[PDB]
Asks: 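Mind looking over this structure? Questions follow.
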Amino acid sequence: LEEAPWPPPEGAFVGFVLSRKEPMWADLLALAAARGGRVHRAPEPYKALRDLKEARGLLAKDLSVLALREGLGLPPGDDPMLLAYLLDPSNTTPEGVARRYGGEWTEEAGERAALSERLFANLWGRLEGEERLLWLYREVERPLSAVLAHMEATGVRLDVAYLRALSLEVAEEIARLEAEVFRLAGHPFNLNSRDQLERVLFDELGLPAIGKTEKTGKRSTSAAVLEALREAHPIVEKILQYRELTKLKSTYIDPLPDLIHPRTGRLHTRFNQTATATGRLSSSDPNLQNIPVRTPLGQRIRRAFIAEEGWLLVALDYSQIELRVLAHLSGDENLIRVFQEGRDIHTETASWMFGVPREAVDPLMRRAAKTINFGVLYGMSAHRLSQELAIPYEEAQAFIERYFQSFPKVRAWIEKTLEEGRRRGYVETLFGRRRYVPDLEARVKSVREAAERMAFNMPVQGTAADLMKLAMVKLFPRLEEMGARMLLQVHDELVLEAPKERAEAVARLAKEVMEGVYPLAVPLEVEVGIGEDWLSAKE
DNA sequence: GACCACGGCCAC
DNA sequence: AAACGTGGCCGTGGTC
Ligand SMILES: Nc1nc2c(ncn2[C@H]2C[C@H](O)[C@@H](COP(=O)(O)NP(=O)(O)OP(=O)(O)O)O2)c(=O)[nH]1
Ligand SMILES: [Mn+2]
Ligand SMILES: [Mn+2]
């Protein structure tokens, strides 16, 4: 391109280089812009930011986040990554999108800006006529990128002193468990090395190996295997306890306090918008979509996510979301009636499984029931279901028979979906988001049936992700007007932060927006709570 | 120091 | 482990 002096004209495509992938932590090393066969390279990138009216180009959200960090309202606009991702969600990285649609991802801002210009022109051309993907682009993904930029720049408050103290309490229990393990094994070794554990459990001790690992064929030490040996030998029980605590300490308790940002005082994740095959978001650096919740220690970790002084967290989570979606997608009159009758299939499976009244279904029982309901739904084998439910193969098999018999329109939908996937090569959501599933016609059964399970899961999970994204796009302006903040999305949940005097109003409003986002054949229902911390707000 | 594969496991 | 699906991060073990 012909080098032109900064600033660029309105509507130019930007390119930028970060010192590191995380925008909230990155030094802006270079800034450039391309338009009309000219490239503009900034002499000092931080100052040059002030000249742009929007971030338009590859990874626009990231630059917008860094501008917000610097106090600049630079919203993300067009991003060829989002076009590629809607065309095919295996388009996940600039490296790949460039290597597919006519360019090369380098480490120079001017080139990245020129690349952004050429990739947009191309991908926008490929989407000419794809009016459903163009709707999703204009009405969901492009506006959503602005929402995520704000969430990423806002962050969440963390009770650091609390987690530091918890680290010590957990450490003392870890050393106790290790001591009991070393004693049972008769000698010390590295519990964290599954190779060494394998030799202790299955060679030194006489324990039987239930299963083997995929790539290398070692005898597995997975929880599922160890659960199979739970009473086979006590050491197993302590191993499982040691695993839980080191997992939570090494992944959450210890890393998270060290990630608080100097200027904000808060913790900042990244919401990756072109990372999943189904249309879901993902979260990284750190992942705040897999913060513990299930166990008593996990609940203690979640209590560390707290509201700024004078504010409250509002947590909203859709009810039985993919089951309602399935009702709408399949048109099963029976499943639809379940939700018009306001029943709850998780608590009912729970009461089935645990032989207890729906009044006696604690959160652990529901989460166990969730896994059964979605496991069975998405093709789980009777054999595993017997293992999980600790119940004979004949029973587990009739569980699956009952499940499907209750909702016959479902299996008709599954086979319609798969037939469509074979014919067109892709499956699609309610709003037309696509996943290409080429292995539906594979000649190896195992490969083909795996593709089948991925293929007919995507319309259900991807529709739910579509609804949530749309809700976020609708809800966000309403929150800014009430002086509230959107902090986190966890697939079918949102965490907000609101002034204490507005929290009831924000909660009421957010629940209405989310439930009425896009009426289906069944009502969407949202559970909402309010609390000083993430855990209190979900109750 | 940078990467990577693997097994393993947290969440939805 | 396994004919549930979708992610990202851990420590180990390893290379360059
Ligand atoms: N295939 C599969 N999908 C799952 C699993 N866990 C979650 N999902 C998918 C399917 C779920 O619909 C969705 C949201 O997960 P939740 O909010 O934790 N559960 P839900 O909204 O259903 O019930 P309620 O909110 O009343 O507790 O994530 C799983 O083990 N397997
Ligand atoms: Mn839910
Ligand atoms: Mn949820």
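A note on names: the letters A, B, ... follow the listed sequences, proteins ahead of strands, and every chain is numbered from 1.
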Asks: In terms of relative ring orientation, are A:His150 and A:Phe476 parallel, tilted or perpendicular, with 30° and 60° separating the classes?
Replies: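 Plane angle under 30°, so parallel.
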
Asks: Kindly determine whether A:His261 and A:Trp25 satisfy ring-ring contact (aromatic ring centres under 6.0 Å, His included), including the steps that lead there.
Replies: CA-CA 8 Å; A:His261 190 285; A:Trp25 294 94; 4.8 Å; yes

Asks: Which helical stems does DNA chain C take part in, if a stem means at least 3 consecutive Watson-Crick or G-U pairs with both distances below 3.5 Å?
Replies: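 Ordered by first number, the stems with DNA chain C (at least 3 consecutive pairs each) read B:1-12 with C:5-16.
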
Asks: For nucleotides 6-12 of chain B, give me one character per nucleotide, 5' to 3': B if any protein heavy atom sits under 4.0 Å from the base, S if the only such contacts are to the sugar-phosphate, - if neither.
Replies: SSBBBSB

Asks: Give me the distance, rounded to whole Å, that separates C:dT6 from C:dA2 when you measure between the P atoms they each carry.
Replies: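 My reading of the P atoms in C:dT6 and C:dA2 gives 15 Å.
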
Asks: I'd like to know if A:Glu173 and A:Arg176 make a salt bridge, using a cut-off of under 4.0 Å between side-chain N and carboxylate O.
Replies: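 Yes, A:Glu173 and A:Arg176 are salt-bridged.
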
Asks: Whether A:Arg453 contacts C:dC4 is assessed here as follows: a side-chain N or O lying under 4.0 Å from the phosphate OP1 or OP2. Is that the case?
Replies: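 No, outside the criterion.
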
Asks: How far apart are the C-alpha atoms of A:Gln461 and A:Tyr378, what are their side-chain angles, what is the distance that settles it, and do they pass the side chain to side chain donor-acceptor pair (under 3.5 Å) test?
Replies: CA-CA 11 Å; A:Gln461 182 188 117; A:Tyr378 292 121; over 6 Å; no

Asks: Within the 4.0 Å heavy-atom criterion, would you say A:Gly375 contacts the bases, only the backbone, or no part of the nucleic acid?
Replies: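 Answer is base: heavy atoms of A:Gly375 come under 4.0 Å of a base.
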
Asks: Nearest to the A:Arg435 side chain among C:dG5, C:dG8, C:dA1, which nucleotide is it?
Replies: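 Shortest atom-to-atom distance from the side chain points to C:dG5.
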
Asks: Taking the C1' atom of each, how far is B:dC6 from C:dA3, in whole Å?
Replies: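 It comes out at 23 Å once rounded to the nearest Å.
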
Asks: Report yes or no: is the cationic atom of A:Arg303 (NZ for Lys, CZ for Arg) closer than 6.0 Å to the six-membered ring centre of A:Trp534, at no more than 45° off its axis?
Replies: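 No.
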
Asks: For C:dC10, does either OP1 or OP2 sit under 4.0 Å from a side-chain N or O belonging to A:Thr246?
Replies: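 A:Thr246 to C:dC10 OP1/OP2: no side-chain N or O under 4.0 Å.
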
Asks: Can you tell me how far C1' in B:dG8 sits from the matching atom in C:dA1, rounded to whole Å?
Replies: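 The answer is 13 Å between these two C1' atoms.
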
Asks: Would A:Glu198 and A:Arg219 pass as an ion pair if we require N to O under 4.0 Å?
Replies: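 Looking at A:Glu198 and A:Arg219, the cut-off is met.
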
Asks: Less than 6.0 Å separating the ring centroids of A:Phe182 and A:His187?
Replies: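 Aromatic pair excluded; centres sit 6.0 Å or further apart.
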
Asks: Between A:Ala275 and A:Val225, name the one whose nearest nucleotide on DNA chain C is closer to the 5' end.
Replies: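 Counting from the 5' end, the first nearest nucleotide belongs to A:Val225.
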
Asks: Which part of the nucleic acid does A:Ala465 contact within heavy-atom distance under 4.0 Å: base, sugar-phosphate only, or nothing?
Replies: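 Contact class for A:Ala465: none.
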
Asks: Does the pair A:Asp466/A:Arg433 count as a salt bridge with the N-to-O cut at 4.0 Å?
Replies: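 Between A:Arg433 and A:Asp466 there is a salt bridge, with a charged N closer than 4.0 Å to a carboxylate O.
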
Asks: Look at the side chain of A:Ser193 and decide which nucleotide, out of C:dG8, C:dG13, C:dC10, has an atom nearest to it.
Replies: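 Looking only at side-chain atoms, A:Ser193 lies closest to C:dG13.
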
Asks: Mind checking if A:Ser283 touches a base, just sugar-phosphate, or nothing, with heavy atoms under 4.0 Å?
Replies: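 Here A:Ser283 touches the backbone only, sparing every base.
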
Asks: With a 4.0 Å cut-off, would you call A:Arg157 and A:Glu497 a salt bridge?
Replies: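 A salt bridge is absent here (no side-chain N lies under 4.0 Å from a carboxylate O).
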
